[PDB]
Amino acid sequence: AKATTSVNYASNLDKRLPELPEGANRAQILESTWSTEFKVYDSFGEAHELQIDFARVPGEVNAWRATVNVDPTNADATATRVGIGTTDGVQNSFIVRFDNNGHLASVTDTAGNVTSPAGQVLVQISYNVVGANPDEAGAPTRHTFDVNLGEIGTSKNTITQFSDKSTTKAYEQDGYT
């Protein structure tokens, strides 16, 4: 068994999606969110569900908040965290921003850590592997891997924000059982 080390995403987020309204109902939450899921693997051979939900940042054009959880039905226990270069001092969301052409521009985590202005965009992810024996100090054992959103400034194999149907999804990961 090989633990996942990278998950690659591509495809589009519809620039025209409505912002989530104040006191949204069930149908309104669904309408304002693009939800994605994909299977990753831990080092013990077990599969986990990686869920990333995207929604526009109210009040900032070309900006979306992505909320990430491994195993949504156990998300309190997995305590997923995401960051740029780290998963310490951070929550489980990031803001992805696009330029006026619809192309990826930056990702910023909840601590303010931000991608370089050019090149590939990697978001580090970690979560507790539940049931795994804790570590030396007793802390829960975690699995870390990257989410690769593509190359800044290009549409090929990269997440985009055009005025077109939402299609963003994970296309590949590298672990297996």
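We number the residues from 1 along the sequence you see.
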{"property": "Between 111-119 and 45-53 (mean CA B-factor, as deposited), the higher", "result": "45-53"}
{"property": "62-70 versus 33-41 - greater average Cα B-factor per the deposited record", "result": "33-41"}
{"property": "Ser93, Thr87, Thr78, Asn101, ranked by C-alpha B-factor: the highest one", "result": "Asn101"}
{"property": "Lowest, middle or highest third - CA B-factor, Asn12", "result": "lowest"}
{"property": "Modelled-residue ranking by C-alpha temperature factor, third containing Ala139", "result": "highest"}
{"property": "Chain-relative CA temperature factor third for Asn133", "result": "highest"}
{"property": "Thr167, C-alpha B-factor rank within chain (lowest, middle or highest third)", "result": "middle"}
{"property": "Entry-reported Cα temperature factor of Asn25, expressed as the chain third it lands in", "result": "highest"}
